[PDB]
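Next comes coords_36.txt, a file with compact mmCIF, C-alpha atoms.
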```txt
# COMPACT_ATOMS: atom_id res chain seq x y z
CA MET A 1 -18.03 -5.08 7.40
CA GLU A 2 -17.77 -3.24 10.71
CA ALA A 3 -15.70 -0.31 11.92
CA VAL A 4 -13.32 -0.70 14.86
CA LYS A 5 -13.64 1.90 17.63
CA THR A 6 -11.37 2.24 20.66
CA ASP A 7 -10.30 5.05 22.99
CA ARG A 8 -6.96 3.30 23.40
CA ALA A 9 -5.70 4.82 20.14
CA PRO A 10 -6.14 8.22 18.41
CA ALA A 11 -9.83 8.73 17.56
CA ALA A 12 -10.73 8.68 13.88
CA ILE A 13 -11.95 12.24 13.36
CA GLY A 14 -12.76 12.42 9.67
CA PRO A 15 -13.88 10.15 6.78
CA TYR A 16 -12.00 7.07 8.05
CA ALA A 17 -12.11 4.37 10.71
CA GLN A 18 -9.18 3.26 12.89
CA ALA A 19 -9.73 -0.13 11.29
CA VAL A 20 -12.32 -2.17 9.42
CA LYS A 21 -13.36 -5.81 9.86
CA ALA A 22 -14.28 -7.53 6.60
CA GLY A 23 -13.92 -10.77 4.66
CA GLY A 24 -11.84 -12.41 7.37
CA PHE A 25 -9.27 -9.65 7.62
CA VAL A 26 -8.78 -6.48 9.62
CA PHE A 27 -7.62 -3.40 7.74
CA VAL A 28 -5.90 -0.88 10.00
CA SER A 29 -5.48 2.77 9.05
CA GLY A 30 -2.02 4.30 8.89
CA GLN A 31 -0.88 4.96 12.45
CA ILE A 32 1.15 7.96 13.61
CA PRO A 33 2.85 9.00 16.94
CA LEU A 34 -0.25 10.29 18.75
CA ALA A 35 -1.23 9.29 22.28
CA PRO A 36 -4.93 8.37 22.65
CA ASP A 37 -5.80 11.91 23.78
CA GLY A 38 -4.72 13.38 20.45
CA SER A 39 -1.41 14.81 21.70
CA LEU A 40 1.73 14.55 19.54
CA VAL A 41 4.48 12.29 20.97
CA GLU A 42 7.81 13.76 19.86
CA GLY A 43 11.35 12.39 19.74
CA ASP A 44 13.76 10.30 17.65
CA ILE A 45 12.48 7.36 15.55
CA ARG A 46 12.52 4.98 18.50
CA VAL A 47 10.16 7.07 20.62
CA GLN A 48 7.72 7.78 17.78
CA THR A 49 7.80 4.23 16.45
CA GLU A 50 6.96 2.90 19.92
CA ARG A 51 3.83 5.05 20.06
CA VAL A 52 2.91 3.95 16.54
CA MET A 53 3.30 0.31 17.59
CA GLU A 54 1.10 0.70 20.68
CA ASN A 55 -1.65 2.29 18.60
CA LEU A 56 -1.53 -0.68 16.20
CA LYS A 57 -1.65 -3.01 19.20
CA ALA A 58 -4.67 -1.14 20.62
CA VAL A 59 -6.54 -1.03 17.32
CA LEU A 60 -5.93 -4.71 16.56
CA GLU A 61 -7.04 -5.99 19.97
CA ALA A 62 -10.11 -3.75 19.90
CA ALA A 63 -10.95 -5.62 16.70
CA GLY A 64 -10.65 -9.00 18.36
CA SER A 65 -7.30 -9.65 16.68
CA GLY A 66 -3.69 -8.87 17.57
CA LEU A 67 -0.09 -8.19 16.61
CA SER A 68 0.69 -11.90 16.21
CA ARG A 69 -2.00 -12.05 13.52
CA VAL A 70 -0.64 -9.28 11.28
CA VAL A 71 0.21 -10.63 7.81
CA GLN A 72 1.19 -7.39 6.09
CA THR A 73 2.43 -3.95 7.06
CA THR A 74 3.20 -0.88 4.98
CA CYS A 75 5.80 1.36 6.60
CA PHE A 76 6.43 4.94 5.52
CA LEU A 77 9.36 6.85 7.02
CA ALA A 78 10.23 10.53 6.64
CA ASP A 79 13.90 9.63 6.30
CA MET A 80 15.54 6.32 5.45
CA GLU A 81 18.29 7.29 7.90
CA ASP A 82 15.71 6.50 10.58
CA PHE A 83 15.31 2.89 9.45
CA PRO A 84 17.63 1.16 12.01
CA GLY A 85 15.89 2.69 15.02
CA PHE A 86 12.52 2.03 13.41
CA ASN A 87 13.37 -1.59 12.73
CA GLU A 88 14.74 -2.13 16.26
CA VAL A 89 11.41 -1.04 17.77
CA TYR A 90 9.36 -2.77 15.06
CA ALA A 91 11.14 -6.00 15.96
CA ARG A 92 9.76 -5.85 19.50
CA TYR A 93 6.08 -6.13 18.64
CA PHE A 94 6.02 -8.70 15.88
CA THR A 95 6.45 -12.46 16.19
CA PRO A 96 7.40 -15.41 13.93
CA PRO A 97 5.93 -15.87 11.42
CA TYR A 98 6.63 -12.15 10.92
CA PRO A 99 4.38 -10.11 8.58
CA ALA A 100 5.17 -9.30 4.96
CA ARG A 101 6.63 -5.80 4.80
CA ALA A 102 7.19 -2.92 2.40
CA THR A 103 9.12 0.14 3.58
CA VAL A 104 9.78 3.40 1.80
CA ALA A 105 10.80 6.98 2.55
CA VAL A 106 8.19 9.53 1.54
CA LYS A 107 8.31 13.30 1.03
CA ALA A 108 6.20 14.04 4.11
CA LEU A 109 3.73 12.50 6.54
CA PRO A 110 0.62 13.74 8.34
CA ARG A 111 1.70 16.39 10.85
CA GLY A 112 5.43 16.24 10.11
CA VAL A 113 5.60 12.91 11.93
CA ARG A 114 8.55 10.61 11.12
CA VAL A 115 6.77 7.27 10.80
CA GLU A 116 3.34 6.00 9.70
CA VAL A 117 2.43 2.32 9.71
CA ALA A 118 -0.66 0.68 8.28
CA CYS A 119 -1.26 -3.05 8.30
CA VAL A 120 -3.58 -5.93 7.51
CA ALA A 121 -4.26 -8.83 9.88
CA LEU A 122 -6.34 -11.95 10.23
CA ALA A 123 -9.40 -11.68 12.45
CA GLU A 124 -10.82 -14.49 14.59
CA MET B 1 -0.75 -18.11 8.73
CA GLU B 2 2.46 -19.40 7.25
CA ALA B 3 5.71 -17.67 6.38
CA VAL B 4 7.19 -18.46 3.00
CA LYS B 5 10.88 -19.25 2.95
CA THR B 6 12.84 -19.76 -0.27
CA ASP B 7 16.56 -19.49 -0.95
CA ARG B 8 15.87 -18.62 -4.59
CA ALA B 9 15.21 -15.05 -3.45
CA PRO B 10 16.85 -12.67 -0.90
CA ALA B 11 16.49 -14.19 2.58
CA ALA B 12 14.33 -12.17 4.94
CA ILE B 13 16.92 -11.08 7.49
CA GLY B 14 14.97 -9.16 10.11
CA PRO B 15 11.43 -8.87 11.58
CA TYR B 16 9.65 -9.98 8.40
CA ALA B 17 8.92 -12.87 6.06
CA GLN B 18 9.49 -12.85 2.29
CA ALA B 19 5.73 -13.50 2.25
CA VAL B 20 2.93 -15.06 4.34
CA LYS B 21 0.01 -17.27 3.25
CA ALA B 22 -3.28 -16.36 4.94
CA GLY B 23 -7.01 -16.15 4.33
CA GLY B 24 -6.64 -17.54 0.83
CA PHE B 25 -4.04 -14.95 -0.15
CA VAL B 26 -0.29 -14.52 -0.32
CA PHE B 27 1.12 -11.24 0.93
CA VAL B 28 4.54 -10.64 -0.62
CA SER B 29 7.10 -8.31 0.97
CA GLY B 30 8.51 -5.45 -1.08
CA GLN B 31 11.24 -6.90 -3.27
CA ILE B 32 14.34 -4.97 -4.32
CA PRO B 33 17.29 -5.49 -6.75
CA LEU B 34 19.17 -8.13 -4.73
CA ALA B 35 20.32 -11.54 -5.93
CA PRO B 36 19.51 -14.47 -3.60
CA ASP B 37 22.99 -14.26 -2.03
CA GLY B 38 22.27 -10.72 -0.86
CA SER B 39 24.39 -8.77 -3.32
CA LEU B 40 23.25 -5.51 -4.90
CA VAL B 41 22.43 -5.64 -8.62
CA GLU B 42 23.15 -2.20 -10.05
CA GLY B 43 22.24 -0.77 -13.43
CA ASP B 44 19.42 1.15 -15.07
CA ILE B 45 15.76 0.37 -14.20
CA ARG B 46 15.53 -2.47 -16.70
CA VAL B 47 18.34 -4.46 -15.07
CA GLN B 48 17.06 -3.73 -11.56
CA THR B 49 13.38 -4.23 -12.38
CA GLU B 50 14.28 -7.60 -13.88
CA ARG B 51 15.89 -8.70 -10.62
CA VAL B 52 12.90 -7.50 -8.59
CA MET B 53 10.62 -9.41 -10.98
CA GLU B 54 12.65 -12.62 -10.66
CA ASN B 55 12.52 -12.30 -6.87
CA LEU B 56 8.72 -11.93 -6.91
CA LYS B 57 8.52 -14.98 -9.16
CA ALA B 58 10.65 -17.05 -6.76
CA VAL B 59 8.76 -16.01 -3.62
CA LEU B 60 5.33 -16.47 -5.19
CA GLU B 61 6.26 -19.90 -6.53
CA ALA B 62 7.58 -21.00 -3.12
CA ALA B 63 4.19 -20.01 -1.68
CA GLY B 64 2.54 -22.49 -4.02
CA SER B 65 1.24 -19.60 -6.11
CA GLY B 66 2.66 -17.66 -9.06
CA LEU B 67 2.83 -14.47 -11.14
CA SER B 68 -0.36 -15.29 -13.03
CA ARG B 69 -2.20 -15.29 -9.70
CA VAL B 70 -1.16 -11.80 -8.61
CA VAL B 71 -4.17 -9.53 -8.03
CA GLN B 72 -2.44 -6.39 -6.76
CA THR B 73 0.96 -4.71 -6.82
CA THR B 74 2.27 -1.61 -5.10
CA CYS B 75 5.13 -0.19 -7.15
CA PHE B 76 7.58 2.32 -5.72
CA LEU B 77 10.18 4.05 -7.93
CA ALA B 78 12.98 6.44 -6.89
CA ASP B 79 12.29 8.51 -10.01
CA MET B 80 9.26 8.68 -12.30
CA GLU B 81 11.53 9.19 -15.34
CA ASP B 82 12.18 5.48 -14.87
CA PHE B 83 8.57 4.38 -15.44
CA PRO B 84 8.99 3.51 -19.16
CA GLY B 85 11.81 1.08 -18.47
CA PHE B 86 10.10 -0.24 -15.37
CA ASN B 87 6.77 -0.82 -17.12
CA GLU B 88 8.48 -2.57 -20.06
CA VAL B 89 10.14 -5.23 -17.92
CA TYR B 90 7.02 -5.39 -15.73
CA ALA B 91 4.79 -6.27 -18.70
CA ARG B 92 6.98 -9.31 -19.38
CA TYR B 93 6.09 -11.17 -16.20
CA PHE B 94 2.41 -10.41 -15.86
CA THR B 95 -0.57 -11.90 -17.70
CA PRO B 96 -4.23 -11.06 -18.45
CA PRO B 97 -6.12 -10.54 -16.18
CA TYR B 98 -3.36 -8.13 -15.17
CA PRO B 99 -2.95 -7.23 -11.49
CA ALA B 100 -4.50 -4.03 -10.16
CA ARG B 101 -1.68 -1.53 -9.77
CA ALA B 102 -0.60 1.62 -7.94
CA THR B 103 2.67 3.26 -8.98
CA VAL B 104 4.46 6.11 -7.23
CA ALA B 105 7.82 7.91 -7.01
CA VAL B 106 9.13 8.09 -3.45
CA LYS B 107 11.92 9.99 -1.72
CA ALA B 108 14.13 6.93 -1.17
CA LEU B 109 14.11 3.14 -1.18
CA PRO B 110 15.99 0.58 0.92
CA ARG B 111 19.70 0.43 0.15
CA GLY B 112 19.50 3.29 -2.35
CA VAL B 113 17.75 1.00 -4.82
CA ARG B 114 15.55 2.50 -7.56
CA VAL B 115 12.55 0.14 -7.57
CA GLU B 116 10.59 -1.80 -4.96
CA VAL B 117 7.47 -3.87 -5.63
CA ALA B 118 5.14 -5.53 -3.14
CA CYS B 119 2.15 -7.59 -4.18
CA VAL B 120 -0.81 -9.68 -3.17
CA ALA B 121 -1.70 -12.90 -4.98
CA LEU B 122 -4.27 -15.67 -4.65
CA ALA B 123 -3.18 -18.85 -2.90
CA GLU B 124 -3.95 -22.06 -4.79
CA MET C 1 -9.89 -14.05 -10.47
CA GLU C 2 -11.44 -11.71 -13.02
CA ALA C 3 -10.44 -8.33 -14.43
CA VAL C 4 -12.86 -5.41 -14.33
CA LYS C 5 -13.29 -3.28 -17.47
CA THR C 6 -15.41 -0.13 -18.01
CA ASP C 7 -15.61 2.96 -20.26
CA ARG C 8 -16.81 5.12 -17.36
CA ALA C 9 -13.21 5.32 -16.15
CA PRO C 10 -9.77 5.68 -17.81
CA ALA C 11 -9.13 2.60 -19.93
CA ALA C 12 -6.27 0.41 -18.69
CA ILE C 13 -3.69 0.83 -21.44
CA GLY C 14 -0.87 -1.30 -20.12
CA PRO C 15 0.09 -4.37 -17.99
CA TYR C 16 -2.67 -3.72 -15.43
CA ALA C 17 -6.44 -3.88 -14.96
CA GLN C 18 -8.67 -1.10 -13.61
CA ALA C 19 -9.51 -3.64 -10.91
CA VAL C 20 -9.40 -7.35 -10.13
CA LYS C 21 -12.14 -9.44 -8.56
CA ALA C 22 -10.66 -12.20 -6.37
CA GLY C 23 -11.14 -14.10 -3.13
CA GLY C 24 -14.16 -12.04 -2.15
CA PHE C 25 -12.52 -8.65 -2.58
CA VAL C 26 -12.11 -6.07 -5.32
CA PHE C 27 -8.60 -4.69 -5.79
CA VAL C 28 -8.74 -1.26 -7.46
CA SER C 29 -5.78 0.27 -9.29
CA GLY C 30 -4.46 3.67 -8.30
CA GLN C 31 -6.76 6.20 -9.91
CA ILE C 32 -5.56 9.62 -11.08
CA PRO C 33 -7.41 12.75 -12.44
CA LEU C 34 -7.98 11.34 -15.96
CA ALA C 35 -11.38 11.66 -17.64
CA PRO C 36 -12.62 8.47 -19.36
CA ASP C 37 -11.49 9.62 -22.84
CA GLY C 38 -7.95 9.79 -21.49
CA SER C 39 -7.66 13.55 -21.12
CA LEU C 40 -6.11 15.13 -18.03
CA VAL C 41 -8.37 17.05 -15.63
CA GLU C 42 -6.36 20.00 -14.30
CA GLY C 43 -6.93 22.31 -11.35
CA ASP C 44 -6.54 22.42 -7.57
CA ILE C 45 -6.86 19.29 -5.38
CA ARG C 46 -10.62 19.64 -5.16
CA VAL C 47 -11.06 19.40 -8.93
CA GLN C 48 -8.63 16.49 -9.37
CA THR C 49 -9.60 14.63 -6.21
CA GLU C 50 -13.15 14.73 -7.52
CA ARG C 51 -12.26 13.06 -10.83
CA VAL C 52 -10.33 10.42 -8.91
CA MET C 53 -13.39 9.73 -6.74
CA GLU C 54 -15.66 9.49 -9.82
CA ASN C 55 -13.13 7.09 -11.36
CA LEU C 56 -13.00 4.88 -8.24
CA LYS C 57 -16.81 4.93 -8.20
CA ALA C 58 -17.17 3.80 -11.82
CA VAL C 59 -14.67 0.97 -11.40
CA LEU C 60 -16.17 -0.32 -8.14
CA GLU C 61 -19.67 -0.35 -9.66
CA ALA C 62 -18.44 -2.15 -12.77
CA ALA C 63 -16.99 -4.68 -10.32
CA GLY C 64 -20.31 -5.35 -8.68
CA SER C 65 -19.76 -3.29 -5.53
CA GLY C 66 -19.43 0.39 -4.63
CA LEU C 67 -17.94 3.20 -2.60
CA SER C 68 -19.92 1.97 0.41
CA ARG C 69 -18.16 -1.41 0.25
CA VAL C 70 -14.63 0.01 0.36
CA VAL C 71 -12.65 -1.18 3.38
CA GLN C 72 -9.19 0.22 2.63
CA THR C 73 -7.69 3.09 0.64
CA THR C 74 -4.10 4.21 0.11
CA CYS C 75 -4.01 7.93 -0.74
CA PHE C 76 -0.94 9.52 -2.32
CA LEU C 77 -0.63 13.32 -2.52
CA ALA C 78 2.11 15.31 -4.26
CA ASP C 79 2.01 18.05 -1.63
CA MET C 80 0.77 17.53 1.93
CA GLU C 81 -0.65 21.06 1.90
CA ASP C 82 -3.31 19.74 -0.46
CA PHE C 83 -4.65 17.39 2.23
CA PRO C 84 -7.61 19.50 3.45
CA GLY C 85 -9.09 19.96 -0.01
CA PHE C 86 -8.51 16.30 -0.77
CA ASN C 87 -10.09 15.27 2.54
CA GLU C 88 -13.13 17.52 1.97
CA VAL C 89 -13.86 15.89 -1.40
CA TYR C 90 -12.97 12.43 -0.06
CA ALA C 91 -15.64 12.73 2.65
CA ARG C 92 -18.37 13.25 0.04
CA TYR C 93 -18.01 9.77 -1.41
CA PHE C 94 -17.36 7.59 1.59
CA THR C 95 -19.88 6.49 4.20
CA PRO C 96 -19.97 5.13 7.76
CA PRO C 97 -18.43 2.70 8.39
CA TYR C 98 -15.61 4.60 6.64
CA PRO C 99 -12.67 2.71 5.07
CA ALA C 100 -9.31 2.23 6.79
CA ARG C 101 -7.06 4.88 5.30
CA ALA C 102 -3.35 5.58 4.90
CA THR C 103 -2.38 9.00 3.51
CA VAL C 104 1.10 10.14 2.54
CA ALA C 105 2.92 12.72 0.40
CA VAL C 106 5.25 11.26 -2.25
CA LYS C 107 7.89 12.74 -4.57
CA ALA C 108 5.82 12.51 -7.75
CA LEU C 109 2.79 10.83 -9.29
CA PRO C 110 2.01 9.52 -12.77
CA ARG C 111 1.76 12.42 -15.22
CA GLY C 112 2.62 15.14 -12.70
CA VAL C 113 -0.79 14.68 -11.13
CA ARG C 114 -1.41 15.70 -7.51
CA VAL C 115 -3.57 12.81 -6.26
CA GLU C 116 -3.66 9.04 -6.66
CA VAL C 117 -6.00 6.82 -4.70
CA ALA C 118 -6.01 3.04 -4.68
CA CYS C 119 -8.40 0.91 -2.69
CA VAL C 120 -9.72 -2.51 -1.76
CA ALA C 121 -13.42 -3.26 -1.42
CA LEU C 122 -15.74 -6.15 -0.61
CA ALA C 123 -17.34 -7.77 -3.63
CA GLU C 124 -21.13 -7.88 -3.54
```
So, in terms of structure tokens, how does the structure I just supplied come out?
Amino acid sequence: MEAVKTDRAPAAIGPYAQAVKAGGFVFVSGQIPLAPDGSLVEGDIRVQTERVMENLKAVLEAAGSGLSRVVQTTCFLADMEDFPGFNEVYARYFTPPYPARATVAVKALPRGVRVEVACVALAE
Amino acid sequence: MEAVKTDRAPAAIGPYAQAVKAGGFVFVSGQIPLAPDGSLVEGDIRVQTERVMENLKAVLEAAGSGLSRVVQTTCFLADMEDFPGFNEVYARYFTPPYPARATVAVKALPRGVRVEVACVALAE
Amino acid sequence: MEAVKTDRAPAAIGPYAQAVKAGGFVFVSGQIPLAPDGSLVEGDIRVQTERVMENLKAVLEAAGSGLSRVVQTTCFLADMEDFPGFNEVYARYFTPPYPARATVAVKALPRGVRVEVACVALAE
């Protein structure tokens, strides 16, 4: 069990790690639209989702894994209306065999953001 | 890694797999009230939860696993008033040792459905 | 695959187990502010979050692990405003390397509660 640390994604300031390596898997914390320097990337679903995706990418690689190794993702949206644009961008970063997915619209997300994505992947 | 593909459950049309086998586990995508052909199955929770259950059964089986091997489920409902009905049907398909569970009411689910359930089971 | 059972945490009355030991991990059910006897602990986030933590703790120990072995947690809040209080009490129980975390605000939780935390830990 070892924490994943990288300045390529938003720093984990608080009681959590960007990701954890354990038992053969990598557990990545929910990711939101924040550039590495903490700033809040704003825009429609497409813009925010892209930032979310890059963070995942950064966290996974830093852990010696990657997007192609993600087996499960949990996607929370602020509004189901935003699904299409979210899916279109989501489609860009994942590859066959795609990960198992669960998507739901929640009441609200950290910092009024529109999308948060957490996932689990295989390590190496 | 291996994507699970069965026609006895809604086909995964998009950037995801009905489920993926990896690290000794099976990660099943959130299942909703849809018959294998893709059609919406309407009705109260019981009718919908039964469809979701059948879908899980089909996917898990195709992965060379099953309902008795499920260790965790993430249950999302569109309204907590529906828990009683949901739980009733749910108890039919699971067996001791029962899966660990987390249940919540969310703002909205895919295609206006009222129940979505994702799970993790042991591969055989 | 083995279910975890303990009196130091709300008994699992239903189709689920407080936790399941499988494939090297411990899958813990979503815990809410219920004292072991089944009564509801009421108050602000701090008071309820604390019961939840104590619950998680009792279950993980009964499983053969602990709060220090937790790699992932899914935290559901009823109101996002409650986050700070929840985070302040969350930080008391977890230790570096902290778990991967995903936090979101949902429409409602079991029994009108304001916090539900589920997690996955390494078995010892």
**Report entry** Distance filter 12 Å, all atoms listed in the file, chain A against chain C, as a VMD selection string
**Finding:** chain A and resid 1 to 5 12 to 32 59 73 to 78 104 to 120
Query raised in the report: What does the C-alpha RMSD come to when chain C is least-squares superposed onto chain B, all C-alpha atoms paired in sequence order?
Result: 0.2 Å
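For the pair CA of residue 38 (chain A) and CA of residue 11 (chain A), the interatomic distance is 7.5 Å.
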Requested in this report: Could you check how far CA of residue 60 (chain A) sits from CA of residue 8 (chain A), in Å to one decimal?
Outcome: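 Atom-to-atom, CA of residue 60 (chain A) to CA of residue 8 (chain A), that is 10.6 Å.
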Report summary line: Computed gap from CA of residue 124 (chain C) to CA of residue 64 (chain C) is 5.8 Å
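Distance annotation: of A:42, A:61, A:54, A:37, the residue with the minimal separation from residue 7 (chain A) is A:37; atom set is only C-alpha atoms.
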